[PDB]
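Visitor: I would like to see how this sequence folds:
(2 chains, ligands or ions: 2)
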Amino acid sequence: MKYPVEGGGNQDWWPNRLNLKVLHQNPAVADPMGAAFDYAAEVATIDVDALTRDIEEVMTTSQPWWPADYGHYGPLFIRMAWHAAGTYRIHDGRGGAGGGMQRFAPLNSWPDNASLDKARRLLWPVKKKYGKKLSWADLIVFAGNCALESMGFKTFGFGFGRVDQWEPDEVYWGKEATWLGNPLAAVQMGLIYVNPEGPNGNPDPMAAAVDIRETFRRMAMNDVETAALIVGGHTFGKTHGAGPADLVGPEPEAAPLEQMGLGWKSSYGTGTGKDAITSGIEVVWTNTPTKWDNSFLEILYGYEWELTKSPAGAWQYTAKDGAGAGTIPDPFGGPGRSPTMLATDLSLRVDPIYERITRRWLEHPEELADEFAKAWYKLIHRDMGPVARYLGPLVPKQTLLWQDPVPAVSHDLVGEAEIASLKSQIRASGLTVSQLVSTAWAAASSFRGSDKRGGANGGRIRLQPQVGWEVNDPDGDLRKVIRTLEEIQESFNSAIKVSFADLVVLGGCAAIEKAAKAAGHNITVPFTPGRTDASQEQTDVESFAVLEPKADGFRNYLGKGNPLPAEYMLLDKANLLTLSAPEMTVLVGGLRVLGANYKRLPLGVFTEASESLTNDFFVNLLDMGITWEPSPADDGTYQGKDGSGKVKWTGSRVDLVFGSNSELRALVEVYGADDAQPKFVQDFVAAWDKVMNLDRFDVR
Amino acid sequence: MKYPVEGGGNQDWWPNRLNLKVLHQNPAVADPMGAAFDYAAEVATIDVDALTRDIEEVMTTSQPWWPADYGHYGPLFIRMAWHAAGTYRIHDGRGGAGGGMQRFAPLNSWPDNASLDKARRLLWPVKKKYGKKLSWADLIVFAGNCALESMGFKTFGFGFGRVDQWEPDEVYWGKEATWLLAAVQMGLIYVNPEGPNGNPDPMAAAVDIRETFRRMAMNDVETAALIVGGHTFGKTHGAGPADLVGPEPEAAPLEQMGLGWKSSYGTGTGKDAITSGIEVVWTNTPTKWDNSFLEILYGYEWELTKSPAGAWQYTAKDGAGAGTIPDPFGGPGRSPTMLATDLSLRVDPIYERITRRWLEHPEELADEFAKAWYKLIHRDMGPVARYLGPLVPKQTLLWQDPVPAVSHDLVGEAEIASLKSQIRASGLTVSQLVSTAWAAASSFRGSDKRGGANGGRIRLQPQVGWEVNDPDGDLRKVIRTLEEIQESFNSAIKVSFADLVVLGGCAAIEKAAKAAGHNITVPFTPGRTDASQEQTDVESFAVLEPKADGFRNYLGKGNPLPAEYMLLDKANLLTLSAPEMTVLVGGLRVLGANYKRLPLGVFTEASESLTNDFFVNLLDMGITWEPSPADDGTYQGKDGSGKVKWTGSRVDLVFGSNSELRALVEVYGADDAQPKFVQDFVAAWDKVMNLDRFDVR
Ligand code: HEM
Ligand code: HEM
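Guide: Numbering: from 1, shown residues only, chains lettered A, B, ... in the order given. Ligands and ions are numbered 1, 2, ... in the order given. Next comes the structure:
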């Protein structure tokens, strides 16, 4: 229907086709830094003092193509930071500022990130003067933070380490196929949090409060943070509004080329500064919108508000009787204005929940500072991962209970001879292979490569938020495996201290070695030590209530509330784990033949003899002498009807896909060859070593 | 609108968004074999003597879930190769057999490749026995070529080498959004069998076939070789009206394991399957070679009747031939039948002569069909240095872009410096050397690997006269100076011509780098030869003429899109990637490599000096842009005070507009990256100049 370079390919002929482009996004070819570049080794060598001494400079020179309000840019950079790490939705994990996606995406065109392309273009001198030693995400967010600092503040700190990706990330943002139309977080399509004029353009404070709380909750922010975040943020800078909001041009994706990749080039007046239009509201919040103080709340409790319209054609509030008419300084010189407020932010005065936590902030005006610093530092470094990546000399030392704190190694890391000793001690009185893998896999499947939260490290697999997960059948034998592993741990220690997660991954390794040896290959899985155990008080039970996978194909289990059919979720779960197209298929075959099945069902297994790591899943799948017909009980299962009329195999919806979707058919059509056995077991161990070492960030 | 794993973003909100996901396609991540796996090295060990002894067996055994007419699959295989090497489009170069795209693509769902999805399954007991030492594409077109030989025929040869791919390539097949360029009806690989556009008249079928095949290099005499030589084998499954067939494979319920067209009529297979909806049985012995097709084609006079499937097919009048055709599964014989496209060869005046001439002695038909089939198969492989295996018919050909054998003593870099010296110590300027070299290595298409810098065709008639290489400019001067150097060098180990072309290009890059302060050594691998004017035909090169070489900022007439896209579609052929594309475009813009001396695009104040000044001067926001008052697709870089300082084109400012490429320009446009930029430019350049060097890699 249209050319490929414009769109094209397939998907113009099929609406819902299993698109295999999401597995290998962000390839190593489109990386202009090269194939041997380590960002963690470079970003530590910048002189953050010199950088801090430079961003402070770019925040004072009013560039002539976009004038500076009050001769300072700080507000704009804080807004940039907030709209850069305000997309992080915990329901799946994708988004956030961990990829700096605000540059190129549907993000750099949402009808709220308007007048933000100019904000990024402002920072070009600093990135130009530094080069490859400053990834764009780090520059944006740290510029916001250093602005907040420069405008009079004492921040909690900051840490570099976010890496850039050079291709847009595909994330589901909303069913509404038009701007302003459960896995979501922005109540509109294109909004970040809330329609500034109240939900659905309706300026009601109560609905605004309900909605703003129901939105922030999908980003793990409490009730005290939300109030702190909003207040501390909007105590800075002004709005942008002039004539009718319909005069703005197109967005920086359908804009003409002479605009150098900008947008919203307003034709009204000179087009910038005193007449620039962006959100269609015209409000100044404080009375000195360029430096910090406890004044926004005073205005929040200083005048009684009544609704009005906007000179730009929008809804807002304004003090009655002309109170304070002409008391707030002009953004570019001129007579005073009237103290105004947005629609939502009045909720902080009427809503009874926020009232108890805002009325306290009139007196004790200092507590606002620390709470805002904490909430901000939480909003920033939310998608960086464990503590071991906070590079640079500005990170604090104290840990926070949301960081998933993992205590540092306080003993000698185990040795190699001890590794073989533990192998022998675990494969002689441990348990079957189908158990030592299932528990091990479950300890490394809570990972999410979106924000690198959770995983094998910490050993949380034996604590409350994960043992009770129904996906790891609690009334099964997982607790018995836990008892055995802890007792062999303490026995070897009584016989250099080995932690628990170390031993879990070692059990998985020894089980895979057992299966491979049963298959006829003396192969070894590479194991590196360097994990520690977490305690119940350092792992929040409620925070981890989202990692519980609603659909996990690699163990063949689907739950309830599943958005898409039970097949696509396999790739989705295989996309967070950052698995290439081959490493997903081989891993599926391995887990299927190894008996890593939820409740030990006879689904997925395609072998007459289990616990033997062979390619018997694939060779037996592609056989055409069997006919597949949906099950008679109609439970989303199928039946391997043979040529004799006897049911032979019984796979699930996540299996027969690996023999149907003509693309994924190819990868199987390799590992199922006659001489593929010396390759399968060798390509499998690689993928298994890759999964079990995703959260190993202290050494990689 | 929909989830990413099923549909995606970045497309619904804006349809006309420059999609860079077409550059990184076929990456190094989705490769099961992993990293290296030199396919050109593995297949050198397979026993074609044994592979033939196995495909011969898989054909004679009738599978129980798809019987074989007359107990032989030879037919269904012969077609499979054809529809696997019939997706060639000469006007672009994509498709072809060398992509193995017969599997995962819209290709395996077109309402023409029906029932063929079964054939890919009949071959599994063959590939399973070999695995990685024999890719699909080679196997598909071999089972094609190897079914002919096993059926009373001495073909011309065969060669492996078509390394497969692991993701569906992106190709434009047409504008219609419904089934039924090069194909005449969307989905139908070639001609709608029931006459062009459903009109059952042979005279129109002939004028359609002529133009259609003319889009795939086949002449007028190599056409009748195929059709007559291709439809001597096998029948056409079409019993029963084409109304009960299942859905297409890409959208079928999974209990079919990716097989499409689950026919509910009758038993569903065998003597009752449905493929295209025509019941026709050509020869009287449809599983061996003989001069039978032409015999029946002239044996009677024809008349149009209806089909048991509801299509228009023909049948001899007079009621003769009652039962003269063997029943495909034992029983009463049908009447002598025929398609609609075949009658063209009886009524069209052009094919009439050759058809009449093939009936006096059919050995000429055998030979012509042999050569035509060989051309139909080994077209998507290009240089003769890629053919592997024993069965290569290494004698010669004329359409293979032939080059003489590397005969003289090569060079051992002891004099390469002197050549790189005399090319500046007795030659021209950098703004001409890089221009002519890049021109001589721009006639390349990583699809079928035709053209290329090899052969030294930059001094021959088909390429010297192209418009994009302005002949009135100075190309002749550069070529004559290079010739004088070559002749002055061999009198004292002889060096060819394209040798000196790319060597002067590299030495000019070195000169420009010295003019910047980075004494960088360009790599160079000798071993290319110059072809003559006779072995370089003119008719097959008229397509390689670039219609929009965005690298050089040249826009011809005949672009379906603006210039901003015709750069990618160009930079997608050369097997480039976004970093290399940006770097190479910047280098060619700053080194003065436009098809004139135009200052259009140059963003420097001291040319002929390789540097990143283009990138850094592009991004400065203090410079505003607006369309020039000439309204000739040129923008006017207006400075802040009202003066003209830069003049760019659509191919330039796209790097300032499109957000993805903006990141790359940001990277190379720093200040501690000029060494990185010049080094990566040298690397990408040596990648371009060494695309067709297949005799070494
Ligand atoms: C949570 C609800 C929020 C709403 C409804 C909201 C809405 C808005 C609106 C309508 C504007 C004016 C846009 C324009 O002038 O074009 C704005 C700007 C701004 N926002 Fe937000 N925002 C929210 C959250 C935040 C947060 C979390 C922060 C900081 C942590 C923040 C900091 C700012 C600042 C400093 C500006 C001033 C921009 C300038 O001076 O140019 N806002 N916000
Ligand atoms: C204008 C060119 C062509 C037309 C109109 C045409 C038409 C057709 C049609 C409609 C079928 C029915 C498919 C089926 O029943 O499975 C068919 C089958 C077949 N075609 Fe073609 N085709 C063309 C080119 C070729 C070429 C170039 C070859 C060989 C080099 C070829 C060889 C065959 C064979 C052997 C079959 C029988 C397959 C079987 O019996 O399993 N055709 N042709």
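Visitor: What distance do you get for residue A:413 to residue A:502?
Guide: Counting by C-beta to C-beta, to the nearest Å, the separation of residue A:413 from residue A:502 is 9 Å. Placement of C-beta: from N, CA and C, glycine included.
Visitor: same question but for residue A:571, I mixed them up
Guide: Distance, residue A:571 to residue A:502, by C-beta to C-beta: 31 Å.
Visitor: what's the answer for residue A:213, then?
Guide: Residue A:213 is 42 Å from residue A:502, by C-beta to C-beta.
Visitor: quick one: which of these two has more around it?
Guide: Legend: neighbour count by other C-beta atoms under 10 Å in any protein chain shown for residue A:213 and residue A:502, higher for residue A:502 (26 against 18).
Visitor: so which strand or helix has that one?
Guide: Secondary structure from DSSP states H and E places residue A:502 in helix A:500-519.
Visitor: cool, and residue A:316?
Guide: Taking DSSP H and E as the criterion, residue A:316 maps to strand A:315-319.
Visitor: give the contact list for the one residue in chain A that gets nearest to ligand 2.
Guide: Of all residues in chain A, residue A:624 sits closest to ligand 2, at 18.4 Å by C-beta to the nearest ligand atom. The neighbours of residue A:624, taking C-beta atoms under 8 Å, 6 or more residues apart in numbering or on different chains as the test, are B:63, B:65, B:121, B:124, B:257.
Visitor: quick check, nearest of these to chain A?
Guide: Nearest to chain A among those: residue B:257, at 5.1 Å, using C-beta to the nearest C-beta.
Visitor: ok so, going back, now compare the contacts of residue A:624 and name the two farthest from each other.
Guide: Farthest pair in these (C-beta to C-beta) is B:63 and B:257. Separation: 14.2 Å.
Visitor: Give the closest residue to residue A:168 in space, chain neighbours not counted.
Guide: residue A:105 (4.9 Å; C-beta to C-beta, 6 or more residues apart in numbering or on different chains).
Visitor: coming back round to it: mutual contacts of residue A:413 and residue A:502, please.
Guide: Going by C-beta under 8 Å, 6+ apart, residues that sit against residue A:413 and also against residue A:502 are A:529, A:530.
Visitor: coming back round to it: and the helix holding residue A:502, how far out from the chain middle?
Guide: 31 Å (C-alpha atoms, centre = their mean, to the nearest Å).
Visitor: elements contacting it?
Guide: If you count contacts as 3 or more C-beta pairs under 8 Å, 6 or more residues apart in numbering or on different chains; DSSP states H and E, helix A:500-519 packs onto helix A:416-429, helix A:433-442, helix A:478-494, helix A:677-691.
Visitor: Tell me what angle the shortest one forms with helix A:500-519.
Guide: With axes from the mean of the first three to the mean of the last three C-alpha atoms, to 10 degrees as the criterion, the two stretches helix A:433-442 and helix A:500-519 enclose an angle of 140 degrees.
Visitor: And the contacts of helix A:433-442?
Guide: Applying C-beta under 8 Å, 6+ apart, the external contacts of helix A:433-442 come out as A:426, A:430, A:461, A:466, A:471-472, A:477-478, A:481-482, A:504-505, A:507-508, A:510-512, A:514-515, A:554-555, A:591, A:594-597, A:600, A:610-611, A:691-692.
Visitor: Find the residue closest to the residue in chain A positioned nearest to chain B in space, skipping its chain neighbours.
Guide: Per C-beta to the nearest C-beta, the residue of chain A with the smallest distance to chain B is residue A:673, at 2.8 Å. Spatial nearest neighbour of residue A:673, chain neighbours left out: residue B:131 (2.8 Å); criterion: C-beta to C-beta, 6+ apart.
Visitor: did I read that right, residue A:640 in a strand?
Guide: Yes. Per DSSP: H, G, I helix; E, B strand; the rest coil, residue A:640 lies within a strand segment.
Visitor: For it, give the beta-bridge partners.
Guide: Following DSSP bridges, residue A:640 is listed with bridge partners residue A:628, residue A:649.
Visitor: which of the contacts of residue A:624 lies closest to ligand 1?
Guide: For the contacts of residue A:624, the nearest to ligand 1 is residue B:257 (51.3 Å; C-beta to the nearest ligand atom).
Visitor: which residues sit in contact with residue A:659?
Guide: By C-beta under 8 Å, 6+ apart, the contact list for residue A:659 reads A:621, A:622, A:665, A:668, B:257, B:258.
Visitor: Next, give phi and psi for it.
Guide: Note on residue A:659: its backbone torsions stand at phi -140, psi 10 [degrees, to the nearest 10].
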